[PDB]
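What follows is the residue order along each chain.
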Amino acid sequence: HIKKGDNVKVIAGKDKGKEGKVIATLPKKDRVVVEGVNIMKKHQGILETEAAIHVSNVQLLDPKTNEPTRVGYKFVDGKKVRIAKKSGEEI
Amino acid sequence: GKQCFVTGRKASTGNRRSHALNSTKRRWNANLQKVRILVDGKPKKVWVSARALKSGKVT
Amino acid sequence: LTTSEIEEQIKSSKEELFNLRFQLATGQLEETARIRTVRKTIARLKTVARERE
Amino acid sequence: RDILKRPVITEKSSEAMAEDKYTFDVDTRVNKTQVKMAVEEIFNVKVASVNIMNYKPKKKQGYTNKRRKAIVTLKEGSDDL
RNA sequence: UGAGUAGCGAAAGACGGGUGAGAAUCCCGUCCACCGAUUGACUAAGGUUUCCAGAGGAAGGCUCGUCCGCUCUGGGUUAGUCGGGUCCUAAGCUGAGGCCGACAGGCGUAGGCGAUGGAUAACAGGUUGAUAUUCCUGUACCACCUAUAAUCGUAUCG
RNA sequence: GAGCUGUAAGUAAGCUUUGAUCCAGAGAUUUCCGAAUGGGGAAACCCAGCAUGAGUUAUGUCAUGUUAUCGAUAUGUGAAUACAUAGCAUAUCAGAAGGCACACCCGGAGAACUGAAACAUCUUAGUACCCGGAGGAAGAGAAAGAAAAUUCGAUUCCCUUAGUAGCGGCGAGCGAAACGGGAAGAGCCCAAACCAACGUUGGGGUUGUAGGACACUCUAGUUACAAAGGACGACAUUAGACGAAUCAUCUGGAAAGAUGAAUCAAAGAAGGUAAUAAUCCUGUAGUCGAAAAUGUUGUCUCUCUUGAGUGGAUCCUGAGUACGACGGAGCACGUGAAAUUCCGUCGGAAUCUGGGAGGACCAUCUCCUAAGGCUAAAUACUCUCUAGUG
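Residues numbered from 1 in each chain as written, not as in the entry; some residues may be left out. Chains lettered and ligands numbered in written order. Part of a larger assembly, values for the part shown. Heavy atoms only, no water.

Caption draft 1: Expanded view of a positive patch on the surface. Residues and elements named next belong to chain C. Taken together, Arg21, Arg36, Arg39, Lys40 and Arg44 make up a surface patch of like positive charges. The biggest single contributor to the positive patch is helix α3 (residues 33–52), with four residues. When you line up the elements, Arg36 lands in helix α3. (Patch = residues over 30% accessible without salt bridge, like charges linked within 9 Å, V, L, I, M, F, W, Y side chains within 5 Å. Areas by Shrake-Rupley, 256 points an atom, 1.4 Å probe, with all protein chains shown as cover. Salt bridge = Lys/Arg side-chain N within 4 Å of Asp/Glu carboxyl O. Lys, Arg positive; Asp, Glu negative; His and termini not counted. Charge placed at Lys NZ, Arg CZ, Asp CG, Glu CD. Helix = DSSP H or I, 4+ residues; strand = E, 2+ residues; numbered from the N terminus.)

Next up, the structure:
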């Protein structure tokens, strides 16, 4: 659904409306780490680190107008491509 | 291995009845006899029934 | 080749593994990823030789 | 051949008995006649004597594996591993 | 609840040092006391790591515990000759064919298996915290291989 | 199509768009025990023969193959004993053996507590257990039948007849069938008379509105029974792919809730997501896909293949069988006036102008043709699969 290094928007949670770059992925549990989201404080001094959120809480913005949208698959070329729902432009 | 060689006659099971009609299991053996009969390779000693030996036979 | 496939497995990947296991037991063998890499090399050499026959 | 599994490194083996005797770990199905031929071929030495002994599994719930260690005495040559 | 009640499993201990947060109970020393056809020293059956060292005190040890047959980590069993297999056999147990039995299966011959017995070549010292007729030192013996020399055979092995 | 190194957080060293892991169909490897089978043995162990190989100056050692016992088939196959029909040795073999599914099927063998308010006939019961055959089903099955109508027409199963007929220390209790309505539905091969060959099956022939031998008119079937061995196109099964439609405000640590305005529906089945989601995620409706491997079939191929036979004097069918007596068992039916069906022991028929049945037995009439074999579908059951339901 969301690949590593793509740009997404937080749709739900405590940081709703925060653009970031995915920098990690956990497909086994469906969780993804997005930079600047879910910062947590650990005890071991206090080392602040970023927690992983649910993959169903982030959306990909349109390339042209930066609008959160769903991903489609036209599959014209021999390799399938990700197509933005709002506009056919590839995401 | 107790049965006629020329037939399949063997023993069976039944009941023994008294005047009061009491039942007791018993056997009904066959009239087997040792005899030497012709076989394709050579004669041998086998168990032959008395019913089969009637009317004549080779020994 | 039939002979080359045998020569590479017998003297190499076998005596070479002997040194790795021997060196590790003594406590002076790092690079643990080199044992499994050689172990499976022998498995592939013996797979071709068995089907080629 | 592939009959030796691990050299033994202990105070009894390394600090003592290491002057001329070397201890190894052999397969659980090999006799002392096959350990003498294997040592010479791999280490290029001449073996003079060979002792062998068995060890039984130890409870640790499960048990550790069984071992078989042999001690070889060389006439000429030194391993110096 | 009974109740802080019964019990704490045959027996001689005392003092001076040491350790430590904590000592009638652990360690060392000196006196005293008990066994001694023995509570001493070796070895079958059975148990199966309870053996050694350093480090530990929650639980287990009928009190205590710094200690342990308890917990953690790492170690320890070396044979041509000692005891069993490539040697024999008692009882007994199993037996190709074979005999007898509704079915299973029950007997039994040649032949095999089976010690608690028969046959059969090593002893004295030394050494580790933990093994010793096994390792080491000094002197022996048995079976089997290889090459080279004694009888100048009408032997030799069965 | 970007991550991965099982459960598992770590600590490490590494692989991967040269496309890793992961999923599915095919191949390779597969230690020891165990029917265990070279011989032993206290299963997972010990000890050998033979052949061919490396090693070693030689002995010791090692590796890869073979050697159990019974059956059916070659070969030699000279003992008591001068045919020989004992044993005795080698060769060949997708020949046997053991193991499950507290389940279903057939056969052998076969209790008791209990009920009868005691108890022996009787019942519980041909039940439990034991053994021995199997098969995906088994079993049964082509009238020596049911009946009494102006007759029907292989077997099995369901409804009904009916708690009726009947059986019974006529006590307790046991308990039918045929007609009628349904599911399913095809029937065939041998023995004999006879015609040709030197106890191999070669023809011929298969039965009651009587058949065949013997004399006589004379141009389709398929290996699930009916004889059996292959070549030839299409649907399904075992990984997948695409798949419509939402934005704000208030209370919250968090919205899917509340308050407003928009949307998709052949998709409002469900499960997740920081709370109650048709439009956030995985899915659903619908529509596509198969290297290679299985199964079900359809076509031509392949094999195998002569049918009506008007006379009718002479010939033919299945025997120690049918049946009787004695002692038992089985049919709802306990020997009773007990027909019909079986086992053991003895005696023992007929031959188409024959023989059997219709509840003892006789006569008449009517309906069938025993003593040989095979046969799918409608029925029973569920280890364990893939979808689901309360």
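Caption draft 2: Structural view of the protein's contact with RNA strand F. In the region of RNA strand F, 49 residues are neighbours, and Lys14 of chain A, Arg9, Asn29 and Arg51 of chain B together with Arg50 of chain C sit closest. Close to the protein, within 4 Å, the atoms of RNA strand F are drawn from sugar and phosphate at a rate of 79%. With respect to RNA strand F, the side chain of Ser12 of chain B contributes an N or O atom lying 3.2 Å from a sugar or linking oxygen. Within the side chain of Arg17 of chain B, a nitrogen or oxygen atom sits 3.3 Å from a phosphate oxygen of RNA strand F. If you list the elements that add at least two residues to the surface near RNA strand F, you get β1 (12–15) and β2 (25–28) of chain B, α3 of chain C together with α2 (32–43) of chain D. The greatest single-element share of the surface near RNA strand F, amounting to four residues, is contributed by β1 of chain B. Of the residues assigned to the surface near RNA strand F, the class counts are nine nonpolar, 21 polar and 19 charged. (Near = heavy atom within 4 Å. Polar contact = N/O pair within 3.5 Å; in protein donor to acceptor, adjacent residues only side chain to side chain. Nonpolar A, V, L, I, M, F, W, Y, C, P; charged D, E, K, R; others polar.)

Caption draft 3: Expanded view of the interface of chain C and chain D. Opposite the five residues of chain C that make contact, chain D presents six residues. Contact between chain C and chain D buries roughly 560 Å² in total, counting both sides, with carbon and sulfur atoms accounting for 84%. Considering only the side of chain C, the residues that lose the most area to chain D are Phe18, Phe22 and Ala25 of chain C, jointly responsible for 71% of the buried surface there. Counting across the interface, chain C meets chain D through zero salt bridges. Connecting chain C to chain D are zero residue pairs in polar contact. (Contact = heavy atoms within 4.5 Å. Buried area = accessible area lost by both parts, 1.4 Å probe.)

Caption draft 4: Representation of the sheet that holds strand β7 (residues 58–61) of chain A within the structure. All names here are of chain A. In spatial order, the strands read β6-β3-β2-β1-β7-β8; together these six strands make up an open sheet with antiparallel pairing. The open sheet has two edge strands, β6 (53–54) and β8 (68–69), and neither has a second partner. In the sheet, β7 pairs with β8 via two bridges, with the strands oriented antiparallel. Counted as the bridge partner of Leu61 is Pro68 from β8. (Pairing = 2+ DSSP bridges.)

Caption draft 5: Examining the pairing of strand β2 (residues 21–26) of chain D more closely. Residue and element names in this part refer to chain D. By the criterion of burial, β2 is predominantly enclosed, with five of the six residues buried. In the sheet, strand β1 (residues 4–7) pairs with β2 via three bridges, with the strands oriented antiparallel. Each bridged residue has a counterpart across the sheet, and for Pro7 the counterpart in β2 is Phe24. (Buried < 20%, exposed > 50% of the residue type's maximum accessible area, 1.4 Å probe, protein only.)

Caption draft 6: Summary view of the pairing of strand β2 (residues 20–26) of chain A. Residue and element names in this part refer to chain A. When strand β1 (residues 7–10) meets β2, the two strands line up antiparallel, connected through two bridges. Looking at the pairing, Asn7 lines up with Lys21 of β2. Across four bridges, β2 lies against strand β3 (residues 31–34) in antiparallel orientation. Following the sheet pairing, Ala24 is matched in β3 by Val33. Once β2 ends, the chain turns through four residues before running back antiparallel as β3, passing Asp30 with a positive phi of about 75°.

Caption draft 7: Representation of the protein's contact with RNA strand E in the model. All names here are of chain D. Neighbouring residues of RNA strand E: 15 residues in total, closest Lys32, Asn51, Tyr55, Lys56 and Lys58. Protein-proximal atoms of RNA strand E, defined as those within 4 Å of the protein, fall in sugar or phosphate at a share of 62%. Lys12 is positioned such that a nitrogen or oxygen atom in its side chain is 3.3 Å from a phosphate oxygen of RNA strand E. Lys56 has a polar side-chain atom sitting 3.5 Å from a base oxygen of RNA strand E. If one sorts the elements of the surface near RNA strand E by residue count, strand β3 (residues 46–54) sits on top with three residues. A breakdown of the residues in the surface near RNA strand E according to their chemical character gives three nonpolar, three polar and nine charged.

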